[PDB]
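Source file: protein.pdb (PDB, C-alpha atoms)
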ATOM      1  CA  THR A  52      25.200 -34.794  56.981  1.00  0.00           C
ATOM      2  CA  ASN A  53      25.437 -34.222  53.210  1.00  0.00           C
ATOM      3  CA  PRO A  54      26.329 -30.483  52.771  1.00  0.00           C
ATOM      4  CA  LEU A  55      24.084 -29.935  49.693  1.00  0.00           C
ATOM      5  CA  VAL A  56      22.582 -26.735  48.349  1.00  0.00           C
ATOM      6  CA  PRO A  57      19.841 -26.478  45.614  1.00  0.00           C
ATOM      7  CA  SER A  58      22.295 -26.000  42.748  1.00  0.00           C
ATOM      8  CA  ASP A  59      23.632 -29.504  43.423  1.00  0.00           C
ATOM      9  CA  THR A  60      20.458 -31.309  42.364  1.00  0.00           C
ATOM     10  CA  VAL A  61      18.406 -28.800  40.311  1.00  0.00           C
ATOM     11  CA  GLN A  62      18.986 -25.927  37.863  1.00  0.00           C
ATOM     12  CA  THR A  63      19.147 -22.639  39.741  1.00  0.00           C
ATOM     13  CA  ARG A  64      19.102 -18.933  38.998  1.00  0.00           C
ATOM     14  CA  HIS A  65      21.315 -16.328  40.578  1.00  0.00           C
ATOM     15  CA  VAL A  66      19.756 -14.849  43.685  1.00  0.00           C
ATOM     16  CA  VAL A  67      21.240 -12.134  45.901  1.00  0.00           C
ATOM     17  CA  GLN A  68      20.367 -13.389  49.314  1.00  0.00           C
ATOM     18  CA  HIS A  69      19.493 -10.740  51.950  1.00  0.00           C
ATOM     19  CA  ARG A  70      18.214 -12.917  54.804  1.00  0.00           C
ATOM     20  CA  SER A  71      20.288 -13.377  57.948  1.00  0.00           C
ATOM     21  CA  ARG A  72      20.423 -15.600  61.066  1.00  0.00           C
ATOM     22  CA  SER A  73      20.535 -12.617  63.454  1.00  0.00           C
ATOM     23  CA  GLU A  74      17.570 -13.662  65.557  1.00  0.00           C
ATOM     24  CA  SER A  75      18.772 -17.246  66.065  1.00  0.00           C
ATOM     25  CA  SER A  76      22.195 -16.420  67.544  1.00  0.00           C
ATOM     26  CA  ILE A  77      22.523 -18.146  70.981  1.00  0.00           C
ATOM     27  CA  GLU A  78      22.254 -14.677  72.608  1.00  0.00           C
ATOM     28  CA  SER A  79      19.123 -13.742  70.651  1.00  0.00           C
ATOM     29  CA  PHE A  80      17.455 -17.101  71.211  1.00  0.00           C
ATOM     30  CA  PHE A  81      17.815 -16.583  74.970  1.00  0.00           C
ATOM     31  CA  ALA A  82      17.401 -12.771  75.176  1.00  0.00           C
ATOM     32  CA  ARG A  83      14.125 -12.844  77.106  1.00  0.00           C
ATOM     33  CA  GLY A  84      13.081 -12.863  80.796  1.00  0.00           C
ATOM     34  CA  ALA A  85      11.236 -16.102  81.740  1.00  0.00           C
ATOM     35  CA  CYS A  86       9.217 -16.740  84.928  1.00  0.00           C
ATOM     36  CA  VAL A  87      11.069 -19.244  87.115  1.00  0.00           C
ATOM     37  CA  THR A  88       8.969 -19.007  90.328  1.00  0.00           C
ATOM     38  CA  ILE A  89       6.130 -17.366  92.246  1.00  0.00           C
ATOM     39  CA  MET A  90       6.815 -16.645  95.939  1.00  0.00           C
ATOM     40  CA  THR A  91       3.956 -16.023  98.371  1.00  0.00           C
ATOM     41  CA  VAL A  92       4.168 -13.800 101.407  1.00  0.00           C
ATOM     42  CA  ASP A  93       1.640 -12.138 103.662  1.00  0.00           C
ATOM     43  CA  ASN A  94       1.497  -9.393 106.286  1.00  0.00           C
ATOM     44  CA  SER A  95      -0.584 -11.049 109.013  1.00  0.00           C
ATOM     45  CA  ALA A  96      -0.399 -10.929 112.812  1.00  0.00           C
ATOM     46  CA  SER A  97       1.796 -13.824 114.062  1.00  0.00           C
ATOM     47  CA  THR A  98      -0.279 -15.760 116.551  1.00  0.00           C
ATOM     48  CA  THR A  99       0.660 -18.892 118.680  1.00  0.00           C
ATOM     49  CA  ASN A 100      -0.419 -21.501 116.098  1.00  0.00           C
ATOM     50  CA  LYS A 101       0.520 -19.446 112.949  1.00  0.00           C
TER      51      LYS A 101
ATOM     52  CA  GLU B   5       6.377  15.256  13.088  1.00  0.00           C
ATOM     53  CA  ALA B   6       6.948  16.768   9.540  1.00  0.00           C
ATOM     54  CA  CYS B   7       7.352  13.136   8.338  1.00  0.00           C
ATOM     55  CA  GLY B   8       3.736  12.715   9.722  1.00  0.00           C
ATOM     56  CA  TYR B   9       4.176  10.870  13.110  1.00  0.00           C
ATOM     57  CA  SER B  10       1.204  11.164  15.387  1.00  0.00           C
ATOM     58  CA  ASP B  11       0.167  10.774  18.952  1.00  0.00           C
ATOM     59  CA  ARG B  12      -3.044   9.373  17.566  1.00  0.00           C
ATOM     60  CA  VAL B  13      -1.585   6.838  15.190  1.00  0.00           C
ATOM     61  CA  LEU B  14       0.256   3.905  16.810  1.00  0.00           C
ATOM     62  CA  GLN B  15       1.505   0.423  16.112  1.00  0.00           C
ATOM     63  CA  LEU B  16       2.212  -2.112  18.842  1.00  0.00           C
ATOM     64  CA  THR B  17       3.998  -5.393  18.064  1.00  0.00           C
ATOM     65  CA  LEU B  18       4.483  -8.228  20.528  1.00  0.00           C
ATOM     66  CA  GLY B  19       5.378 -11.784  19.457  1.00  0.00           C
ATOM     67  CA  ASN B  20       3.496 -12.762  16.264  1.00  0.00           C
ATOM     68  CA  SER B  21       0.932 -10.003  16.810  1.00  0.00           C
ATOM     69  CA  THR B  22       0.434  -6.411  15.780  1.00  0.00           C
ATOM     70  CA  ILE B  23      -2.186  -3.801  16.741  1.00  0.00           C
ATOM     71  CA  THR B  24      -2.710  -0.661  14.725  1.00  0.00           C
ATOM     72  CA  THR B  25      -4.649   2.409  15.720  1.00  0.00           C
ATOM     73  CA  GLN B  26      -5.395   5.662  13.911  1.00  0.00           C
ATOM     74  CA  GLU B  27      -7.361   7.370  16.737  1.00  0.00           C
ATOM     75  CA  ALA B  28      -5.377   6.937  19.948  1.00  0.00           C
ATOM     76  CA  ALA B  29      -5.075   9.494  22.784  1.00  0.00           C
ATOM     77  CA  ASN B  30      -1.399   8.712  23.325  1.00  0.00           C
ATOM     78  CA  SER B  31      -0.817   5.650  25.603  1.00  0.00           C
ATOM     79  CA  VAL B  32      -0.214   5.201  29.359  1.00  0.00           C
ATOM     80  CA  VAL B  33       2.636   3.529  31.204  1.00  0.00           C
ATOM     81  CA  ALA B  34       1.300   2.809  34.687  1.00  0.00           C
ATOM     82  CA  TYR B  35       3.225   4.651  37.401  1.00  0.00           C
ATOM     83  CA  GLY B  36       5.829   5.400  34.754  1.00  0.00           C
ATOM     84  CA  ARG B  37       7.208   1.836  35.117  1.00  0.00           C
ATOM     85  CA  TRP B  38       7.652  -0.345  32.042  1.00  0.00           C
ATOM     86  CA  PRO B  39       7.431  -4.152  32.715  1.00  0.00           C
ATOM     87  CA  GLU B  40      10.654  -5.897  33.633  1.00  0.00           C
ATOM     88  CA  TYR B  41      11.967  -9.391  34.488  1.00  0.00           C
ATOM     89  CA  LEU B  42      12.749 -10.153  38.113  1.00  0.00           C
ATOM     90  CA  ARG B  43      16.185  -8.827  39.106  1.00  0.00           C
ATOM     91  CA  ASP B  44      18.654 -11.043  41.034  1.00  0.00           C
ATOM     92  CA  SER B  45      18.732  -8.640  43.936  1.00  0.00           C
ATOM     93  CA  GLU B  46      14.969  -8.913  44.312  1.00  0.00           C
ATOM     94  CA  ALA B  47      14.686 -12.604  43.481  1.00  0.00           C
ATOM     95  CA  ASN B  48      13.131 -15.052  45.898  1.00  0.00           C
ATOM     96  CA  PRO B  49      12.399 -18.674  44.583  1.00  0.00           C
ATOM     97  CA  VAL B  50      15.841 -20.148  43.729  1.00  0.00           C
ATOM     98  CA  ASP B  51      14.951 -22.576  40.937  1.00  0.00           C
ATOM     99  CA  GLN B  52      15.628 -21.606  37.283  1.00  0.00           C
ATOM    100  CA  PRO B  53      12.580 -19.645  36.012  1.00  0.00           C
ATOM    101  CA  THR B  54      10.863 -20.437  32.702  1.00  0.00           C
ATOM    102  CA  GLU B  55      10.493 -17.455  30.358  1.00  0.00           C
ATOM    103  CA  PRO B  56       8.221 -18.458  27.475  1.00  0.00           C
ATOM    104  CA  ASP B  57       8.859 -15.072  25.839  1.00  0.00           C
ATOM    105  CA  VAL B  58       7.034 -14.787  22.406  1.00  0.00           C
ATOM    106  CA  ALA B  59       4.865 -17.864  23.069  1.00  0.00           C
ATOM    107  CA  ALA B  60       3.078 -16.085  25.904  1.00  0.00           C
ATOM    108  CA  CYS B  61       3.954 -12.407  25.470  1.00  0.00           C
ATOM    109  CA  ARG B  62       1.611 -11.723  22.581  1.00  0.00           C
ATOM    110  CA  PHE B  63      -1.834 -10.130  22.118  1.00  0.00           C
ATOM    111  CA  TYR B  64      -4.810 -12.283  23.165  1.00  0.00           C
ATOM    112  CA  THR B  65      -8.323 -11.017  22.243  1.00  0.00           C
ATOM    113  CA  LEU B  66     -11.109 -11.760  24.749  1.00  0.00           C
ATOM    114  CA  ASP B  67     -14.863 -12.098  23.950  1.00  0.00           C
ATOM    115  CA  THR B  68     -16.357  -8.880  22.625  1.00  0.00           C
ATOM    116  CA  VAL B  69     -18.984  -7.219  24.808  1.00  0.00           C
ATOM    117  CA  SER B  70     -21.740  -4.771  23.837  1.00  0.00           C
ATOM    118  CA  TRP B  71     -22.249  -1.153  24.985  1.00  0.00           C
ATOM    119  CA  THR B  72     -25.791   0.143  25.132  1.00  0.00           C
ATOM    120  CA  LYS B  73     -27.735   2.970  26.838  1.00  0.00           C
ATOM    121  CA  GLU B  74     -28.463   0.588  29.701  1.00  0.00           C
ATOM    122  CA  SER B  75     -24.863  -0.562  30.271  1.00  0.00           C
ATOM    123  CA  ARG B  76     -23.534   0.055  33.759  1.00  0.00           C
ATOM    124  CA  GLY B  77     -19.970  -1.194  33.236  1.00  0.00           C
ATOM    125  CA  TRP B  78     -17.640  -4.166  32.999  1.00  0.00           C
ATOM    126  CA  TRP B  79     -14.708  -5.625  34.925  1.00  0.00           C
ATOM    127  CA  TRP B  80     -11.957  -8.221  34.458  1.00  0.00           C
ATOM    128  CA  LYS B  81      -9.068  -9.435  36.661  1.00  0.00           C
ATOM    129  CA  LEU B  82      -5.460 -10.208  35.618  1.00  0.00           C
ATOM    130  CA  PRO B  83      -4.158 -12.803  35.279  1.00  0.00           C
ATOM    131  CA  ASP B  84      -7.625 -14.445  35.572  1.00  0.00           C
ATOM    132  CA  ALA B  85      -8.947 -13.108  32.252  1.00  0.00           C
ATOM    133  CA  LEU B  86      -6.021 -14.757  30.474  1.00  0.00           C
ATOM    134  CA  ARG B  87      -6.084 -18.124  32.324  1.00  0.00           C
ATOM    135  CA  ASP B  88      -7.207 -19.938  29.179  1.00  0.00           C
ATOM    136  CA  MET B  89      -5.083 -18.049  26.695  1.00  0.00           C
ATOM    137  CA  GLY B  90      -2.697 -20.297  24.801  1.00  0.00           C
ATOM    138  CA  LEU B  91       0.714 -21.016  26.295  1.00  0.00           C
ATOM    139  CA  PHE B  92       0.374 -18.161  28.832  1.00  0.00           C
ATOM    140  CA  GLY B  93      -2.496 -20.023  30.516  1.00  0.00           C
ATOM    141  CA  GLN B  94      -0.543 -23.290  30.366  1.00  0.00           C
ATOM    142  CA  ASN B  95       2.494 -21.795  31.999  1.00  0.00           C
ATOM    143  CA  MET B  96       0.275 -20.300  34.661  1.00  0.00           C
ATOM    144  CA  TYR B  97      -1.421 -23.576  35.581  1.00  0.00           C
ATOM    145  CA  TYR B  98       1.785 -25.668  35.480  1.00  0.00           C
ATOM    146  CA  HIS B  99       3.719 -23.529  37.957  1.00  0.00           C
ATOM    147  CA  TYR B 100       3.201 -22.632  41.637  1.00  0.00           C
ATOM    148  CA  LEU B 101       4.537 -19.143  41.028  1.00  0.00           C
ATOM    149  CA  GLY B 102       4.301 -16.670  38.165  1.00  0.00           C
ATOM    150  CA  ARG B 103       4.734 -12.904  37.530  1.00  0.00           C
ATOM    151  CA  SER B 104       3.738 -10.796  34.562  1.00  0.00           C
ATOM    152  CA  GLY B 105       3.227  -7.316  33.241  1.00  0.00           C
ATOM    153  CA  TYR B 106       0.632  -6.475  30.502  1.00  0.00           C
ATOM    154  CA  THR B 107      -0.227  -4.254  27.542  1.00  0.00           C
ATOM    155  CA  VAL B 108      -3.999  -3.667  27.725  1.00  0.00           C
ATOM    156  CA  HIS B 109      -5.678  -2.402  24.566  1.00  0.00           C
ATOM    157  CA  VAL B 110      -9.385  -1.548  24.782  1.00  0.00           C
ATOM    158  CA  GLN B 111     -11.095  -1.079  21.414  1.00  0.00           C
ATOM    159  CA  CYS B 112     -14.329   0.812  20.685  1.00  0.00           C
ATOM    160  CA  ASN B 113     -15.041   2.723  17.486  1.00  0.00           C
ATOM    161  CA  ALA B 114     -18.257   4.467  16.492  1.00  0.00           C
ATOM    162  CA  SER B 115     -18.807   7.552  14.250  1.00  0.00           C
ATOM    163  CA  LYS B 116     -18.633  11.332  14.213  1.00  0.00           C
ATOM    164  CA  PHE B 117     -22.339  11.355  14.998  1.00  0.00           C
ATOM    165  CA  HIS B 118     -22.201   9.063  18.053  1.00  0.00           C
ATOM    166  CA  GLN B 119     -21.233  10.215  21.555  1.00  0.00           C
ATOM    167  CA  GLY B 120     -20.214   8.685  24.868  1.00  0.00           C
ATOM    168  CA  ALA B 121     -17.223   8.223  27.122  1.00  0.00           C
ATOM    169  CA  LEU B 122     -15.734   5.101  28.681  1.00  0.00           C
ATOM    170  CA  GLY B 123     -13.498   5.401  31.723  1.00  0.00           C
ATOM    171  CA  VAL B 124     -10.854   2.624  31.459  1.00  0.00           C
ATOM    172  CA  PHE B 125      -9.116   1.993  34.758  1.00  0.00           C
ATOM    173  CA  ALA B 126      -6.287  -0.351  35.709  1.00  0.00           C
ATOM    174  CA  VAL B 127      -6.538  -0.945  39.491  1.00  0.00           C
ATOM    175  CA  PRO B 128      -3.785  -2.774  41.501  1.00  0.00           C
ATOM    176  CA  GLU B 129      -5.465  -5.258  43.958  1.00  0.00           C
ATOM    177  CA  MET B 130      -9.000  -4.515  42.723  1.00  0.00           C
ATOM    178  CA  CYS B 131     -10.931  -6.045  45.603  1.00  0.00           C
ATOM    179  CA  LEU B 132     -14.675  -5.893  44.864  1.00  0.00           C
ATOM    180  CA  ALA B 133     -17.595  -5.907  47.334  1.00  0.00           C
ATOM    181  CA  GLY B 134     -19.834  -8.934  47.850  1.00  0.00           C
ATOM    182  CA  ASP B 135     -23.593  -9.455  47.514  1.00  0.00           C
ATOM    183  CA  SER B 136     -24.062 -10.313  51.173  1.00  0.00           C
TER     184      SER B 136
END
Please render this file's structure as structure tokens.
Amino acid sequence: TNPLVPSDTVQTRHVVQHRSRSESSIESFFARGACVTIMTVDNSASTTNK
Amino acid sequence: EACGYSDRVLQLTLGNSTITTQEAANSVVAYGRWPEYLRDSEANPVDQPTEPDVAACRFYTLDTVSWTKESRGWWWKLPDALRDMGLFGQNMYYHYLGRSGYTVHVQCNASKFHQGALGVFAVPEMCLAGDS
């Protein structure tokens, strides 16, 4: 992939960049609990057919 | 000043234009901040900016209105009021983005026998209410 930046194809000004990639680190991208299943139980009398 | 300089008598010169006044009440710099170009540490679009300088930073006079006993007041928005003013307007319509400061000079003379008082307000984000 061609590693270009804007100053390679247009005239640019000087900008002091403050943005960061902190929220897209692998850790941050996954740092959330996700539902993987729902288990069902009951508390019923056990009877011969159930 | 003992050389005669007065709070009341001013001259403003921007580009090819000059305003004189002999009955000023000093002048205001909003929030104490003079206009400035965008600093690199606050910059956001990365392309080289255009800065038309004297071609756009000059005094444009709008259509004169009339004050009477029935007048309730007038309003304008910036940059809207200048959208058709020479190369400033052109630069505005040719570019996605633009920023600008302004010197606003409201003019109204009368006589020592007239009376009345106009409040002249510069409001940031002057959202007005609708008719509905």
Pull out every residue of chain A that has at least one atom within 9 Å of chain B, counting all atoms listed in the file, and report them as a tab-separated table (two decimals) with C-alpha atoms, keeping the file's coordinate frame.
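Okay, selection-v1.tsv is ready:
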chain	number	residue	atom	x	y	z
A	57	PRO	CA	19.84	-26.48	45.61
A	58	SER	CA	22.30	-26.00	42.75
A	61	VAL	CA	18.41	-28.80	40.31
A	62	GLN	CA	18.99	-25.93	37.86
A	63	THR	CA	19.15	-22.64	39.74
A	64	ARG	CA	19.10	-18.93	39.00
A	65	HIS	CA	21.32	-16.33	40.58
A	66	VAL	CA	19.76	-14.85	43.68
A	67	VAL	CA	21.24	-12.13	45.90
A	68	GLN	CA	20.37	-13.39	49.31
A	69	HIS	CA	19.49	-10.74	51.95
Residue members of the PyMOL selection byres ((chain B and resi 129) around 12) in the file shown, as a PyMOL selection string: chain B and resi 80-83+126-128+130-132
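The gap separating atom CA of residue B:26 from atom CA of residue B:107 is 17.6 Å, in Å to one decimal.
The spacing separating atom CA of residue B:133 from atom CA of residue B:64 amounts to 28.1 Å.
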Selection near stretch 54-63 of chain B, 8 Å with all atoms listed in the file, sequence-local residues under 5 positions removed, as a ChimeraX atom specification: /B:18-22,90-92
Separation of atom CA of residue B:79 from atom CA of residue B:42, in Å and rounded to one decimal: 28.0 Å
Given only C-alpha atoms as the counted atoms, nearest of B:24, B:66, B:73, B:41 to residue B:119: B:73
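Nearest-residue note for residue B:86: choosing from B:98, B:17, B:69, B:104, the minimum distance belongs to B:104, counting only C-alpha atoms.
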Could you work out an axis-aligned bounding box for all listed atoms of stretch 6-13 of chain B, with 4 Å added on each of the six sides, and give its centre and edge lengths in Å to one decimal, as AutoDock Vina command-line options?
--center_x 2.2 --center_y 11.8 --center_z 13.6 --size_x 18.4 --size_y 17.9 --size_z 18.6
Best match for closeness to residue B:70 among B:118, B:123, B:112, B:11, counting all atoms listed in the file: B:112
Any chance you could turn chain A into a file with C-alpha atoms, as a compact mmCIF listing (two decimals), in the first residue's frame?
# COMPACT_ATOMS: atom_id res chain seq x y z
CA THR A 52 0.00 0.00 0.00
CA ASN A 53 1.42 3.40 -1.01
CA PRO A 54 2.47 5.12 2.29
CA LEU A 55 1.31 8.64 1.25
CA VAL A 56 0.37 11.60 3.41
CA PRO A 57 -1.38 14.85 2.19
CA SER A 58 1.86 16.79 1.72
CA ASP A 59 2.85 14.32 -1.00
CA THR A 60 0.13 15.37 -3.44
CA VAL A 61 -1.13 18.80 -2.27
CA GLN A 62 0.24 21.96 -0.62
CA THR A 63 -0.13 21.72 3.15
CA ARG A 64 0.13 23.96 6.18
CA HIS A 65 1.79 23.08 9.45
CA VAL A 66 -0.63 21.51 11.88
CA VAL A 67 0.14 20.35 15.43
CA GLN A 68 -1.78 17.14 15.60
CA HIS A 69 -3.39 16.28 18.98
CA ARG A 70 -5.54 13.27 18.04
CA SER A 71 -4.56 9.78 19.16
CA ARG A 72 -5.45 6.12 18.46
CA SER A 73 -6.03 5.33 22.15
CA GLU A 74 -9.52 3.94 21.73
CA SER A 75 -8.61 1.62 18.84
CA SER A 76 -5.80 -0.28 20.60
CA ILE A 77 -6.60 -4.06 20.50
CA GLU A 78 -7.30 -3.89 24.27
CA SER A 79 -9.64 -0.90 23.94
CA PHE A 80 -11.47 -2.34 20.94
CA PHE A 81 -12.29 -5.44 23.01
CA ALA A 82 -12.67 -3.86 26.48
CA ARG A 83 -16.39 -4.59 26.83
CA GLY A 84 -18.53 -7.45 28.21
CA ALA A 85 -20.64 -9.11 25.46
CA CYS A 86 -23.57 -11.53 25.96
CA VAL A 87 -22.54 -15.01 24.82
CA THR A 88 -25.54 -17.05 26.12
CA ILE A 89 -28.80 -17.16 28.06
CA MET A 90 -29.29 -20.21 30.31
CA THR A 91 -32.75 -21.19 31.54
CA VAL A 92 -33.46 -22.90 34.83
CA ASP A 93 -36.53 -23.38 36.96
CA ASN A 94 -37.44 -24.41 40.51
CA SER A 95 -40.30 -26.85 39.89
CA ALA A 96 -41.31 -30.10 41.59
CA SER A 97 -39.67 -33.05 39.75
CA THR A 98 -42.45 -35.40 38.79
CA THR A 99 -42.29 -38.84 36.95
CA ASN A 100 -42.55 -37.44 33.40
CA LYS A 101 -40.64 -34.14 34.06
